[PDB]
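> File model35.pdb below, PDB, C-alpha atoms and all ligand atoms:
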```pdb
ATOM      1  CA  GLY A   1     138.477 122.040  99.952  1.00  0.00           C
ATOM      2  CA  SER A   2     138.290 123.474 103.463  1.00  0.00           C
ATOM      3  CA  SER A   3     136.762 121.699 106.460  1.00  0.00           C
ATOM      4  CA  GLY A   4     133.670 123.579 107.593  1.00  0.00           C
ATOM      5  CA  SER A   5     130.598 121.818 108.961  1.00  0.00           C
ATOM      6  CA  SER A   6     129.536 118.202 108.446  1.00  0.00           C
ATOM      7  CA  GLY A   7     125.811 118.913 108.421  1.00  0.00           C
ATOM      8  CA  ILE A   8     124.715 120.826 111.511  1.00  0.00           C
ATOM      9  CA  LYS A   9     121.240 119.278 111.492  1.00  0.00           C
ATOM     10  CA  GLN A  10     120.974 115.848 113.115  1.00  0.00           C
ATOM     11  CA  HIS A  11     119.712 112.591 111.608  1.00  0.00           C
ATOM     12  CA  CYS A  12     117.984 109.902 113.669  1.00  0.00           C
ATOM     13  CA  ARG A  13     119.668 106.493 113.778  1.00  0.00           C
ATOM     14  CA  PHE A  14     116.661 104.278 114.501  1.00  0.00           C
ATOM     15  CA  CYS A  15     114.369 105.559 111.748  1.00  0.00           C
ATOM     16  CA  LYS A  16     117.198 107.263 109.859  1.00  0.00           C
ATOM     17  CA  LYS A  17     115.022 110.280 109.061  1.00  0.00           C
ATOM     18  CA  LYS A  18     115.836 113.965 108.585  1.00  0.00           C
ATOM     19  CA  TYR A  19     115.186 116.637 111.213  1.00  0.00           C
ATOM     20  CA  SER A  20     115.721 120.399 111.376  1.00  0.00           C
ATOM     21  CA  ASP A  21     115.661 121.153 115.104  1.00  0.00           C
ATOM     22  CA  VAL A  22     117.599 118.818 117.398  1.00  0.00           C
ATOM     23  CA  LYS A  23     115.096 119.432 120.194  1.00  0.00           C
ATOM     24  CA  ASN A  24     112.337 117.796 118.149  1.00  0.00           C
ATOM     25  CA  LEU A  25     114.610 114.856 117.335  1.00  0.00           C
ATOM     26  CA  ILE A  26     115.472 113.998 120.938  1.00  0.00           C
ATOM     27  CA  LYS A  27     111.791 113.975 121.896  1.00  0.00           C
ATOM     28  CA  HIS A  28     111.013 111.917 118.792  1.00  0.00           C
ATOM     29  CA  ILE A  29     113.576 109.301 119.816  1.00  0.00           C
ATOM     30  CA  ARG A  30     111.973 108.612 123.195  1.00  0.00           C
ATOM     31  CA  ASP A  31     108.618 109.121 121.477  1.00  0.00           C
ATOM     32  CA  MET A  32     108.792 106.100 119.172  1.00  0.00           C
ATOM     33  CA  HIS A  33     112.283 104.728 119.806  1.00  0.00           C
ATOM     34  CA  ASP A  34     111.561 104.012 123.472  1.00  0.00           C
ATOM     35  CA  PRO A  35     112.985 100.510 124.069  1.00  0.00           C
ATOM     36  CA  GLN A  36     111.988  98.796 127.314  1.00  0.00           C
ATOM     37  CA  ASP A  37     115.630  97.944 128.005  1.00  0.00           C
TER      38      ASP A  37
HETATM   39 ZN    ZN B   1     113.684 108.298 114.777  1.00  0.00          ZN
END
```
So, in terms of C-alpha cells, how does the structure I just supplied come out?


Amino acid sequence: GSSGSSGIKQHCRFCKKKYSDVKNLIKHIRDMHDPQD
C-alpha cells in the first residue's frame, strides 16, 4: 500500500527492547549501555 510511518516509537539496539517515549530510551542507553570506550 502507501508509505506512511515505519514505527514512530524507537527500539533500543543493545537490549533490543520496546520503548514509548524516545526521551526515556536515550537516558536508558547511557543508563545501562554505558561502555567505557
Ligand atoms: Zn537498551

> Set out as a Markdown table a contact list for chain A and ligand ZN 1 (chain B) with a cut-off of 6 Å, giving each residue of chain A that qualifies its closest atom pair and distance in Å to one decimal, counting all atoms listed in the file, ordered by chain and rising residue number.


```
| residue | atom | partner | partner_atom | distance |
| --- | --- | --- | --- | --- |
| A:12 | CA | B:ZN1 | ZN | 4.7 |
| A:14 | CA | B:ZN1 | ZN | 5.0 |
| A:15 | CA | B:ZN1 | ZN | 4.1 |
| A:29 | CA | B:ZN1 | ZN | 5.1 |
```

> Can you work out the spacing between atom CA of residue A:22 and atom CA of residue A:9 in Å, to one decimal?

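Atom CA of residue A:9 lies at a distance of 7.0 Å from atom CA of residue A:22.
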
> To one decimal place in Å, what is the distance between atom CA of residue A:28 and atom CA of residue A:7?

19.4 Å

> Report the centre and edge lengths, in Å to one decimal, of an axis-aligned box enclosing every atom of stretch 7-17 of chain A listed in the file, padded by 4 Å on each side, as JSON.


```
{"center_x": 120.1, "center_y": 112.6, "center_z": 111.5, "size_x": 19.4, "size_y": 24.5, "size_z": 14.1}
```

> Grab the atom CA of residue A:20 to atom CA of residue A:8 distance for me, in Å with one decimal place.

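These atoms are spaced 9.0 Å apart.
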